[PDB]
Structures are given as structure tokens and as C-alpha cells.
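First up is the structure itself, then whatever we jot down about it.
Whatever order the structure lists them in is the order used to number ligands and atoms, beginning at 1. Worth knowing before you read on, the calculation uses all heavy atoms, side chains too, and leaves out hydrogens, waters and symmetry mates. Below, read A as the first sequence line, B as the second, and so on, with proteins coming before strands; counting in each chain starts at 1.
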Amino acid sequence: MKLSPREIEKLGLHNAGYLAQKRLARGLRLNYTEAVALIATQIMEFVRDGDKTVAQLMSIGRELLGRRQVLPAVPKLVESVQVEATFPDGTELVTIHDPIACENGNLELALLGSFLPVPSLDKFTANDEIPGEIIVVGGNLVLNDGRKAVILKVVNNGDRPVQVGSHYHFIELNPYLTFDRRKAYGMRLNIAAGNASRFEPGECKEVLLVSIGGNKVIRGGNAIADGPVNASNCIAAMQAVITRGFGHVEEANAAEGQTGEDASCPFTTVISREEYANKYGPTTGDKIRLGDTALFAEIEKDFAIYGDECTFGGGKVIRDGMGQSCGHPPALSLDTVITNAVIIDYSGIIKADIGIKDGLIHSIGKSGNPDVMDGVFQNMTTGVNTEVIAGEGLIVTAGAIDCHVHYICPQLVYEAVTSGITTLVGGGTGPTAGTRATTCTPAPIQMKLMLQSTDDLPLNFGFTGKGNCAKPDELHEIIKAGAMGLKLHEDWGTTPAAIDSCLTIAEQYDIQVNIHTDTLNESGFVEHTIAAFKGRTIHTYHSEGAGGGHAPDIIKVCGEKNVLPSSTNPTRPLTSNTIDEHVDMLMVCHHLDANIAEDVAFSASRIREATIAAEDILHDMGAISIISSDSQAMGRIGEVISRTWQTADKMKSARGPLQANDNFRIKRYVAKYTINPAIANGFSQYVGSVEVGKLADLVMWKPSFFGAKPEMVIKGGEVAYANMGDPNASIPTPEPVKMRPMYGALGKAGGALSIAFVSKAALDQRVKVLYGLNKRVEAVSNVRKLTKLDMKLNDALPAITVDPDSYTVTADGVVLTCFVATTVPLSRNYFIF
Amino acid sequence: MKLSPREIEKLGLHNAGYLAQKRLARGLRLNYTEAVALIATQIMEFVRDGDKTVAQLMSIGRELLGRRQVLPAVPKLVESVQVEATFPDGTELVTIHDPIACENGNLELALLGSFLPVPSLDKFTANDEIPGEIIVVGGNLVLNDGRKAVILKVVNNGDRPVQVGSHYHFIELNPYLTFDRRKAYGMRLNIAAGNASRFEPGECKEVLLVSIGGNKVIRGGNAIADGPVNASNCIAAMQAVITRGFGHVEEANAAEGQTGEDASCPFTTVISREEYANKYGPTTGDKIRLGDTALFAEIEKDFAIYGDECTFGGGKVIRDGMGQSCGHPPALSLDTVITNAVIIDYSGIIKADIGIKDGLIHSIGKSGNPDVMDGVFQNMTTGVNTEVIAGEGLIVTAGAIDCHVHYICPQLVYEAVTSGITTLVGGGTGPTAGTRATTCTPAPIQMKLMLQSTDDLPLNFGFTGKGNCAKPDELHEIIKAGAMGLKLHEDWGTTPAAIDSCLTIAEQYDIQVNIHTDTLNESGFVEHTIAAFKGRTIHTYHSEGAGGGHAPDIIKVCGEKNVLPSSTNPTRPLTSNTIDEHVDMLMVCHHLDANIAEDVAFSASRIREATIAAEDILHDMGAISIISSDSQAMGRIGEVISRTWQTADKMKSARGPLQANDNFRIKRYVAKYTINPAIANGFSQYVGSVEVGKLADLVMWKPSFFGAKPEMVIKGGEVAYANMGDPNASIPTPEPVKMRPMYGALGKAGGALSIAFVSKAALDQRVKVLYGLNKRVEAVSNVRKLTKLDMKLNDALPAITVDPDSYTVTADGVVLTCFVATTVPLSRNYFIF
Amino acid sequence: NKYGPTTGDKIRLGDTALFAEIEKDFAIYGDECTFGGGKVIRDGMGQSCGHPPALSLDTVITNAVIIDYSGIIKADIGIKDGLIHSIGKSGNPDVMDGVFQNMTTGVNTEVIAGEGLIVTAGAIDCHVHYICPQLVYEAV
Amino acid sequence: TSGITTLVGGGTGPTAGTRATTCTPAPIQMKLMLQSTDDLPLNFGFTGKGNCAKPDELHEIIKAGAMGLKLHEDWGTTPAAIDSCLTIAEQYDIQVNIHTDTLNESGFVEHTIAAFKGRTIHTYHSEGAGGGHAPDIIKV
Ligand code: NI
Ligand code: NI
Ligand code: NI
Ligand code: NI
Ligand code: NI
């Protein structure tokens, strides 16, 4: 067949269309991903037929699926569908804009060529009544306040069209525009940042101009006015205007003034507030729905000065001598700027530009060019050598950190980064019995190998040894080898003696101890394991206990001051299939028999509605500080983030507000998979939050998709993984769009962008050198003096009791009961399976 | 579509279900792989529908395919089907246990949503009358013989459940169990290794306890009894029992004795023998069906001491201070132990634990903890820093070694390791005419490049140069460059002069010469080529001759003492399509014309039933010592192993037994692709068999799948490739399960785990250094003094004659004739295509 | 004369008029770490046998007078991984009182004998002109 | 310069331990001496400290790269150490070099010979001026 790659991919795309076609013919309402596959698939077939032109399919594509055939969110999610195919005259791109352009679509034609029977309308469900919607405050904003202003007559005396961007130095215009060049001096158009005025030939326009800000130095254009704005350089600019024949007619009468903050001043330009949000993303006071949850994030603070937003593109702001600085010291240009980002972080929900330098977050604030703009500090310069990642309208958060990882297969890793995870911590050596049961890399040799194995992958890694030992001998060895933490697991024996010996070792080496307790209460009940901690910091895995630990009351640990507790994700939150699923999963993982009295006793003692319900609440209470996966050993790597938001969404709907928005809950929860995993494991100076001085491990989200599927994963300042369409296409957006590794994941790049975390002892020996690692290696630290109070926004310490028969949990006197949700967000709207 | 990886994979899984659905609707009986795809596919669709709960689908999944719709082996092969999908309440795991739970299934529902017409029952074939079955000797085994014993009353005075594993030190139990702590001292439960006694609260049980073995040193638990078992530490343990409030009531009357080997002694525990095999795999005397062949392997020797088996898991044996040692010198802990393996190797079929240290096989025997178990030598310690690969119920064999490889494409390599091959030897430079015809890497430059190219791949490699030369000049060069062997091929000219010049070179450099002879008898008949050998060792490729060599009697070579002969795999064994296929394949590879007298003469002279039939027999006789692929140049990389067993299976059924089991044949054949390729090419000290001191290149098999598809490939002590399901799932087993590279195949690991083999001359020059290789490099040797008698279990030397007209082969006077088999095992039951 | 000075003794610095008085000694009189034929640092005696191998000191400087801004004292100095691991009374906890777990002289421990000698930190020259490589050898 | 191209022994530089014994005691020092001597045109072998009554740290020094172990009286060459060291040599296929107990502290030469138990051992300066059982080590 001589299949080129693009042919192979389209076969896949087609397969997805056909599956969507089969669901449609069943009278299922299609989700976003289904609508897309189906339409791209048909477009490709119509091109194969050879009967239809591009202009035709542009129309035909709007009339396949109608409001009736799709889910309530789809008409807002599907802005359009793009695909390329081979027409009779070669490859052509077809864009279908607003494909849900009607009520009924045309079923016959949506299925045409599939040979699937065409369903009747009444086979489809009835329409129900907008993910990531921006709720704009009512009103207008005056651009560019407190600046000298002038209105000038401008003529296009050329024979061709001339168009001028918002930030072009007006004196430097095409010599064929005629106006008062002297009055234009130091001025630029008073219009929304990044648009333009178009002058057809012969046209006369009356233009509102406003003064440039900051240092008021003009660079570029025609070099008419090179230099700082002053009386002396004005005289020189005018000399050059005359000599070089730049169109000039004095307007002695021109209205002059300033942009004053009051009503009906003719120099001022206003921008409708809904429209501000659409161009540049939301600003202070606006709220943003997280994905299709019920959560709203309100912009708390904005660094933007209205009218100088950093937007990149033709005629736009980020151009030489305008928004892009020219003449500052080269070493301080930002490597990359992320423009107009909504940052959601435990430390604040804000609107800001983010500058990246040397793989690090260099600054957060208002960025651009100090020669032309007020308010640009010397650490936020967009310069010649600065790349641009456009955040307008998107959310940025820290890369997620999953601190309960089983390295069972390398593909867990791709699934992780693709969901928004950039750091993994746990143990394993591949698909062995030991690794499948416990987060342990047991032999020094295997430490060596896992570090070397994962050395090119664009994530930060930590590996943990087997902590189950009643003598320190072999623990010293595994830490010296490079383990950055130890796992105490019952399958290797978690006994008071092992617990003690392992914590004494943690005290010496400043590493975290993660524990899965003695479910069987073989050598003690939970109180005996707590006693054995002896007031020493310890991280308790899946603290609720479905995934392991003292039956039935391991959850008591969420009330010990020295315990840092996490949950794993599959019990999150309590939903209608939770219990059934987990019982059987337990039966499967423990090789138990549905028909034996005691097998079923063990399992009913392990998987308990009363405690999972309590887990939803303690999680909302900030009594459980972290959420993690338990990847392929009871939990799900790609669902750390979504299960966090699904827990938040359920609690918002069940419980009281926590402090006219959901900010306090949003920040509490984002902390559970970003900052708190980093604190617990001892590397929070390097990652876990959007703050200056930390790795620029950064995930871009569409608000409509937030918490389900991100756009782009930045690793150490460079794009590591991202949504990507047809590699052969004329743009990146045509089908099939899927998460693929990017330049940050090829060759040596993964290593240059990331950190392998080891113990200080291992680093003292330079295991980075010994092991031949190209990834940066750093030591973990500051882990032996943590208490629950060091967990950001999750420092609650209830008195917990658990009834040994009913399993009912009481916290601070209050019986904890929670309902069984029948659905969750961030699921049916997003996934093809 | 923003497709995450898991979505892409499920689309594939769905496609496989739909194909299975199309075969079903045709009234085909489905095999294992088909049954799986089909059921996982439907489960996913039912979840898409949103109507059904997890508990529902658990039931619905058992009622889709019935005995009628599947092949005879399927009900035993399909223990269950797992898949995850997005319910209305997020991702949930559905396990369908024993999906063939009835006679008729429910066709309509198995096809539902495919829009395929539902076949009637009578469209399906009629049921015929168990691959990898264990045939247990009748009887019971007494556990833990010759040990001091005691029966004690035990009460659970706690308010929560307490459960105790078989190897927990009984004095160290939860303080709330009340019994005679002094009598419990040094004791543990006399129960099957790795299970448990459960005490609900308030329960009274009467427990059989038995003494610990080996050194009798207690470690861990609560540290009650720390130390060796003696009168002096007993007094201390009792002091601690009193002080710390561990439940204790004297039982002055307790029955005491020993585990005696006689009937009805109340201290002894017996395990039903069928049940022993199911828990721990078969033991001495048991037999195991190889895959779905007719071969049975009988356990010849077991190192297990009944009752101390090494089994890992919650409450199980391999826990701190029990089966896992605590206090031995850290450097001697095994890196990995494979527990309870059935080893099939040319040197014996046995039951043993396998210890791995430093990438090598460290020991084979009874492993565990010398402090608690008898019979543990100092080279078999499971310690804190030891990983566990569970062999119970599985077969381990050496990685296969294919010594007729054409490096035509890198994907051959993945196909090889995935079938169970860990070493490749041959020649090539990619898909060129030269490489497609001959196993030759001709230029020194290309040696450099193939070594560097394959440097990260987790296999051992050897590359061979072009040996066709009547002057030694350029041969010296290609060996000095790193060729570990030379190929004499007719396409480059295999003439007596070339044959001589090339063997004289082999004598100097201690490398093997592999030959494909002058089919055309251009310069001599076979006797002339044999004369030109001049009694010097030489490896003859595809000795039967379909794949090349003197027409029609190259097979004569299997009777020369200095010839080491191999077959390639596609003529293995003689089946109904063999001749037709090979004639056309010859026509295609030689660009011949069905309609030209002499083209058809050449081809009838090359592809001969009489000689292929003789090849089956000489192969069974041990007259042909090796089986190899001829990868993509007449043979099949992924079928070295299966074609070996398919040849064995046919011969078992056609010929006499070879020495109440199939051991002697099993060992003869396994030798053909493990030890004998390594001997012939000169690296048998490093690989080719399960023996101490060699690389731990090791393949795990399910007996039900043995010889078709393995579970797991260990390369140098670390898992390199393995079956792996959904990376996003809660366990590794949910669909789609396929062979994927593991941590041993990422980054630098492949190199750290493997060997590139070169000539000694190349190593004398440190080509490993020159070429920048990270893979270990070793020299081949001990190849110039081999004779047929050095081939393990394949040293037969018949007088062979071949009739020049009839092509009939006579060996030792006996005319060789063999039937044309209509079917083979290890095929229809296993493959989706 | 055998073990170098102890608490209260004074040491003239070179041929200057300066006297350092030992402010504190970690020794327990009678168990000094001295290595030699018949001496203290031998298998099972002062050299420990059976402690976890990872915690053996790489090197021990025995019976050193330390002169340092932070104190003029008498101590054994333990080196591990190129770092100063401990300062105190070193030896074998199986046979000697007062030996902490970070001061074990083990099988794999090298001995530098400081009895009678003074140990100071390496000097740090922070006004260097790299005029020639020989300045460097003259400095160390 | 005198005509020697291979050196086998132990040490870490001019320390008290190396001035008395052919021992490179720590794994760290093995790494260092092999790195140190890497550019020097001679073949080199380094030997660890064999003086131990337990095998624990001996395992470690050999795994680090020692190609032989030295038993020296200055670290204790007692029959227990001799046995434990030679049992290790049997495992790792390395040579044991010995400088016996001059003091006959633990046994006379007979007793050390008994402790060999018929196992291969290299006796250094077998005459004994350089060290060993007085006055009769030469019996070996
Ligand atoms: Ni766990
Ligand atoms: Ni886990
Ligand atoms: Ni051939
Ligand atoms: Ni070939
Ligand atoms: Ni000596």
C-alpha cells in the first residue's frame, strides 16, 4: 500500500468517525469528540467521491449533525471541524464553522456511505437545556487613561491599501499617508491592543491618537523619529519627514487633550467588557466555570494596564520597537512569555503575563517594552529573542505531581504527562509481582536502572525503596543508591518494628516515609501503628483505606498532627458504581472467592461506604491534604486532576460555601496535586506551584476543557507534549487532533528540561555522575519536621472516631454521611470511551 | 478530538471487537483473542449507552458468548475479560469472570450495536470435545515435617478483626489476641504457605502451630522476641509480654509433639495435591501440557521443602523477618527472585526458585530466609532489597537465540523479543538488495553503524560480514571492524575457493562461518563443497535446502562430523500448504516465470517434498541441531519458538517415544533455539540456558500459552518487554492487553542489560570505545574445534543418501518418509490473523 | 606524648608566642583510637565488626587537636563521602562506651593518625590573581 | 623507570593505614584510586582490608572493585579473621595476601596455618623481617 504516515492516521480518524456513526444510528446523542470524528470522516469520504468542492463541503458540513443529535454542551464546545483530504485536484483543507447550525441535521447524510440504517428522530432523546463560560461584569473600560491625546485627519494618497496596528509609532507610517506628522510624534492609535485601522486608497479618516508610555523612546519603523520623545528629537524627525518625502500637512486646529477618566471625552476609547474578556481573557471581577463542573473561579487581581495587553500577531502589539523591546541588555530578554494567562494556583487566582528564563519562572506581572509602556519592570521584558505562548482566554496551572506511582509500564508515563502531570514519585521495576503490589524499587541496581531508563523522559522523577525492615542495614544501601523516599507496605510486612526502624532511618537521611498499613491488624490495630510512628512525620497513602490499611479505621490518621495524609483517586468521589467496582477489584487483586465466608468478610471489612463517604468530606474539610493515582495498582494515572475536580464539584453541590465564587475551594483543591505533593516529598522549592524561581512546569488549559484534557504541557520552559493535528496539514488544528510528544520529548531534550530527585547521601556520592544521567539530579530535603499544618490550605485536624461495626465515621463530634452521586462532570462530555 | 492515548488504544480495541463481531456473524467459532476483544468491546458500548451499572455488566458479560460460539480450548483459556470505560459517573472497571457461563450465549446481544445481522445457532459448527493442563499425581502432602509442634487456644479480645499469616512469628501477634505466649514462642501457623487465619472479634480458635526452621532467629513484628530462639531469650520475651500488656493466659495442658510423617497425627497439616499444584505450580511427578500441543513435561526434581514456598503478597511468606531475611550481609541479597518456577531447559525440567544478581543468574534452588527456614543456602537469600517476580504456575525458559537473522527492518527486532527471542545473530544494513538476499553487513562502516544503531535495544546482537572471497585481504578488515562471524552466500558466490579462503580466515580469528551453498552446482556438487571444508567446523544454514544449497542433496551435510547444521523455520514441519507456498515464494524471490520450462525446473529442483519430510525426521533424530528464522528472507522472526514445538508435536504423534512423558524430546528441542545457537556462534558462557553465571535472559510462560505467546521477557535481570493492558486502568490486566516494551527498553537501559558480540581482534582494538557503544561488548570464542558432537542432545550423524531423481532421502539405510499434517497447534487458538 | 594534649593542656603555635589551650576533649581515658601493631584499631576491638556496612567511616582522623573559629578541642574526626561526617569519640560500640552510630571505625575505614598533631580547615584565599599555574601548587 | 609495568597492592596515599598496610579500605577510595591512576601507563590492582571476623564489609570492598584482600596484623590477623577472609576469597576468586600475627597474640604459626584450612593464600615477606610469627613464619 506504500502508506505514508498521514494515511495511517486518517484510517484511525475514519475508524473513530465510523464508531461515532454506529453510536448515532443507535440514537445516542454525540459528545464533542464524537461530533468531530464523524464530521471529519464524512468530509473525507465526500472528497473521495470527487463530486463536491471545498466551498460545498464548507456548507454540507454544517448540515450533518443538528442540535437534536448532540449533547447540551456540544454546540458551545464545537466551534468547528477541520480536515484535509485528497480532492481530484490534490490536497485541500476544509473548515466547517459552527457545525451545529441547525435543529435536525441530516441523518441520512451523516451516515451516508457507512451502510448503517438511518435512525428516525424519535429514536433520539429529547433536548435538555456551557463549559468554561466567562461571566463578564456589566460595563465598559476606558483604554489608556491619563495620557496626552490628539485627533488627526489622515489621508491615504497611495494607490494601494495601508493598514496600521494599535501600537505602531504613528510618525513612522508609510510615506503615502498624509497628516500632521509633528502632532503624530510620540503617538500611536488609541484602539484596542492588537487591532488596526485600514485605509483603502484615497480614504480619509479621523484618528484618535494617544501618547506612548514608559520611557517614551521610539525605535524602528522607518527610523524617522529614532530616539527618546523630546523637543530636540522632534526637530530631527521633522527634518527627516521633509527630506525623505513623508506625507505631511500641518493641522494647526487639531483637537488636543488627554484621556481623562470621565464620560464623553472625545479622545478616549472604550471597550465593551464582554468583548475585553473575549479578546484578552477575563479580568478582575470576571468568573470562569471550571470545565463542565459547577465551580467558578473569580479573577482576584490583574496586572494588565488596560490598552497595553501583550498580544502577538500581524499588526499586533508584540512587534519590533512597539511591545517588543529594542535596546535593553540582551541577557535580560525573556526566553518565553506566556501572555494574558489566568493563573489558578494555591497562592491566588489572578491575571498576569508569565515570563520564563533558563527553564525557570522568571516573573509574573505585566510584561512588554519599557520604552513604550508604563509599568514594565526590568524582569519582564519581551525582546527580540523572546518566544511567545499566547495565554489569552486560557488557564495556566502548575504541572501536577503524582506521588503514589507504580512504575508498572512506561506507558503510564505518557498517559500522565498527557493529562497534565509533570512529576512522578513512587517505586517499581516494571510489571513484576512486587511492583504491581507496592511502590518499591528494591535493589540498588534497579535504582540505577530506573533512573537511567527514564533519563530521556520529560518528567521529574523520584524512586522509592522498600522500607519494610526491622534492621537499618539494607535501608542505608537503598538510599545511598538514590532512593529519595521509602515505602512501607503490608505485602512486605508493615509491623511496628519495621515502622520504627524505617522512621529512624528517615530521621537520618531527610527522606519521606510513605506507608500502606497492616490491614489485617496482624500485629496491632491502628493505634499501635500510630504509637510506632512516635510523633515522627510520615506520609500515609490512601488514608481512607479502600486501597490498604487497618480495617476498618485507618482513616483515623487524618487527625494526627505528624501524619501527612493522601487519598488515591478511584474512590473519588463516592458515586453509584464506586462500591461495586471496588469490591470486585479487591476480590481480583487479592485472589479471593465470592463463595467463601472469610474471603467475603475481608473484603467487606476493606471496602466501606461509610469511610468513602467520610473521605469526600475530609477531603473538602482539608483534612486530607493530597490526591494521587495509585497507577495500575488500584488507581488511575490520567485521572489525578479530574478526580480532584470531580470531588470539588460534588462537595460544592452537597455542602456549605467555604469562604459569590468558589475561589477558596478551588485553591484548597488545586493544592492537593501540586504544592502539597512537593512539600511532602521535599522538593517544593523546585516545583509544585506557579511562583518565581521554580521550574516552568506549566499546563495550559481551555476553560471549556479544564480538569479533563489540557492543550499543552510546558516542561522546564519548553513545550513537551500537546494536542496536535495532521502533521501534513496547512495548520496544526485539522484532524486527527491528539496528545503527542513535542520537541521537549525528543533526543536529549527530555533530560535538559527535568529533574531526577535522589536522597542527599546519593548526591553526596554523585550518583548523577556514576549513573551517566543527562537529566539534572537534585536532593530532596526539609521533610522530617513537617506536620499537617505545613499542608497548604489542607491543615485540618479533626478528632476522628470510627465505629467498629457500623464503620460510621465521626469527626469533631459530627457524624459524617454523604450521598451517592449518580453522575460526575469531566467525563461523558470529553471521552470517546 | 483532543484524543488522549487511552482513547486511541480503545479505538483499536473496539476495532478488534468489531472484526470479532464480523467473524461471529459468519458463524465462526471464536478463539481466545476474539472472545476477549468482543466482550470488552460490548462492555465499553454498554457503558457508552449509560443504562447499565458495573454490577449489571458483570452479569451481562457472562451471557454474550456461549460454549456454542467458541472453540474447544476457549472455556479454559478465558478465565475472564476486563475493561474500563467512562460511565455516567466516571471511569469504572468491569471484570467479567468466566464469560463462557452457558451453552448458547445471546447472539443478538453479542452483536448489539454493530448493525450486523444476528446469525442463527445452526450456522455455527457442532461442539468438539485443555492447553497447559496440570496432571497432578493423586494424593496429599504433609507440610513442615520433622518439627516441634503445639496446638493452642487463641481468643480475639479486641473489637476489630485480626488475621495472621502462615509465617508470622506467632508470639508477635496483636496484643489483643490472648493465648499461651510462652508456648507460641518460636512458633508459626502450621498452614499452607501464604494463607491466613482470620479471627473476628470475640472468636475462639484452636490453632496448629509449628516450629520455625533454619537458624531459628525471630526478627520484626512487635520486637517482643527479638533474637535467636533459646531459653534465655524466651525469658526476655515473657518479660516483654507482661510489661507491654500482650494478651497471655497459660495453657498448662496444651497438646505438644512434632509433625511426624505418619497417618492421623493431630499436629500435622496436609494439602491436597491438586491444590498444591494450583497454589504453587506443579511439583515432582506432575506433568504439564505444553500449550495446546500433545507434549507433556514432567517435573524431574523439586527444591521446595513442602510448607516453606516463597510466595509474596499480603499476609504471605515474603515479609520482613519471615520469608524475607533481616540481618544477613546486605551485599548478598538477591536483586530479584523468581519464585516457584518450572524451568524447562536442555539440562533439566525442574521446579526451583531462581535468584538474579547483577544481571546474572546467581542461583537456582530453594530460596528465602535462613533465619526461619531450613535449606536456604547463603546464595539464595530474599532480603529487604530483593524484587519478586512470581513464577508460581508458570514456565521459565532461557531467552531464544535466533542465529539466521536478516537485519531488513528494525521491526523484526520488536517482533523477535515479543515472541521470546533475546539474542539475534546474522547480517544486514537495512532493506537493501544485499541484505534481503544474504545475512551480510559488508562494509566496516556498516558494522560501525549497525552496532551503534542497535545500541539501545534490549537484545544481544551479533553481525556477520560477507565471507565470499578468494583472497583473505578484505575478510581480515571486516572482522577487525567487529564482525563476529562470516556469511558465505551463493548470491555473492559460494565456490570451493571462497569456501577455503573463508575457513582459513575462521581458523585464525576463532569466528563461525555460516554457509548457504551453490544451489546451481555451478562449480561442484555437494561433495565438492564438503571436500572444500577440509574437516573444518562450519555452520550450514537451512541444511534441508529449500532456503538454499546444492540441488537436490545439500541435506547430506547433516552427516558430516565437522558440520553444525541448522534449519530455517518455514518448512517446519511438513504440512498441507508447505510445498505450494514455498514453490511460489521461490518463484517470487528468484523472479521466475510459471510459464518457462527451466524456471520451473530450477524451482522443482529446490523445493522438494521428499527432503522436507526428511527434515522433520532428522530434526526429531537430533540430526539437525538448531532451528532459526531466516527473518524476511524466506523465514519468520516471531516463529522460531512455535515452529520448534510444532515440529516436536508432529513427531511425537508420528514416531516412537524417545526415552510416561515427553521430557527427552522436550529437552532435545528446547536446545535447538537456546543452547545450540550459542555454542555454534561462540558465546555459550554468556547466554542460551538457565544456568548459574549466565545472563538472566529469561522468558516467563503460561503453560496454556507456552510456545505461542509468552507473558514477560526478562533481559539481564530486568523486565524488557511484556503483556500490558490499559495504562490508565486500576490494574495492568484490562484491555487491550498487548506486548509492549517495558523499562528495560527505554533510554539507556537496553544497553545496560545486553551484549554486542564481536570478534576478539575487534575487541583487542576496543571497538566498543571507538564506536561509542553503551552496550557491553564481548568477544565470541571456542568455535574452531566444534563438531556435531558438541550440539547438546542433537549429535546424531546418519549416513545420508539422496536419490538424484526421486529426491528420496535414506538415513542409516532407512528410507525417510513422513505424512503431510493438515493442522498445527500454537496457531488457530492464539492468533487474531 | 602518646595521644597528644587533653583538656587543660596548652600548645605553642609554631615558634610564635601563641598558646592554644584544649577547651574540651571527647576522649574517655583508656579507649583512645590508636592504630598500629598490637594497637586499638583491630578487628573486633576498636575496629567494629557487624555494624551495618554503609555507616563505616571512610576515613577517621584519630586524636586530633582542632583549631577552628568555633573552638579549640580534642576529638576524632569522621569522614564519609568526602564530607566531615562527625566530630567526637570514635571507635567500636561493641567494646567501648560513648561511641555514637555516626562514629564507627569499621573494616572499610582508613586511618589518618592525628595524635600529637593539629587539624585546621583548608585556608581560603579570596584575593587571587591567576597569573601562573604555579601560584596554585604554592597555595595547596 | 626501573622496568616495572604492573603494580598490585593497596593504599590511599600517605596515611597511617597505607604506610603500614597494603589496604585501600573504603569503596569510595577504590573508586578514587582507580580514577587517580587512570592515565598512568601501568596495569594496577588494588586490595581491600581483609581483616574481619564477619564477611559483611568484605563483600562490599570486592564489589567496589578490590581485586584481592590484604590481612595485616596492624588491623588484626587472627584465626577468625583469616578464616572469614579466605571463605570470602573462595566466593569471589581473588587472592588473599597475608602478613601474620608477629606477636603470636592469638596463636603461633601452626595456628595460623590451621586457620588457612588448606586454602590458597599468598604469604607476604615469608621470611618475616617484614612481619609475621616470631621467629618461625618461614615455615610457610
Ligand atoms: Ni497501598
Ligand atoms: Ni499503591
Ligand atoms: Ni540462505
Ligand atoms: Ni537467509
Ligand atoms: Ni607486611
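A:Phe683 is listed as a side-chain neighbour of A:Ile401, based on a closest heavy-atom distance under 4.5 Å.
A:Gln512 and A:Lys487 form no side-chain donor-acceptor contact under 3.5 Å, judged by distance and modelled atom types alone. In summary, the side chains of A:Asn794 and A:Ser625 do not present any donor paired with an acceptor at a separation below 3.5 Å, with no hydrogens or angles considered.
Restricting A:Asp630 to its N, O or S atoms, the one at the least distance from the Ni ion (ligand 2) is OD1.
With respect to C:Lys39 and D:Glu73, no salt bridge is recorded, no charged nitrogen being found less than 4.0 Å from a carboxylate O.
Contact annotation: A:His406 places an N, O or S atom under 2.8 Å from the Ni ion (ligand 2). The distance from the Ni ion (ligand 1) to the nearest N/O/S atom of A:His489 is not under 2.8 Å. The nearest N, O or S atom of A:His404 is not closer to the Ni ion (ligand 1) than 2.8 Å.
Of the candidates A:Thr495, A:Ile499, A:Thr529, A:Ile499 is the only one forming a side-chain contact (heavy atoms from CB on, under 4.5 Å) with A:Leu488.
The ND1 atom of D:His99 and the NE2 atom of D:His125 subtend an angle of 100° at the Ni ion (ligand 5), given to the nearest 10 degrees.
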